[PDB]
């Protein structure tokens, strides 16, 4: 019952500061424009100890599965090859990606009826809000 309140299908409703986040990550111009335009559906499910997160959009359809605290290799939608670890910290899903000596942290939390996604790369944060689909 670890992630019950995250499970379901969620649709993007707002984004702020996201182009600047992606710049900080090192995403190139054309990918920033098309990815920034994406309006993903995020599908979160749990089966035993395995969490699956899918992001479906006109840009890319991506899927990760993982166990909390257990690192994995991830290919991001912008083609970074990263080492990822996802944990639950005080009810917040915390996703850290490491690559090329860089690090970004993506936090997902339930707030009211929303799923709020905070994306941080150095001093740049972007806040994205999802609603139930």
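Numbering follows the first chain given and starts at 1.
Averaged over CA atoms, B-factors in the entry run higher in 1-9 than in the other of 1-9 and 124-132. In the PDB entry, the Cα temperature factor peaks, among 102, 107, 83, 39, at 102. When all modelled residues of the chain are sorted by CA temperature factor, residue 116 is found within the highest third.
Sort the chain's modelled residues by C-alpha temperature factor and residue 66 lands in the lowest third, per the entry. Per-chain ranking of the deposited C-alpha B factor places residue 59 in the middle third.
When the modelled residues of the chain are ordered by their C-alpha B factor, residue 88 lands in the highest third.
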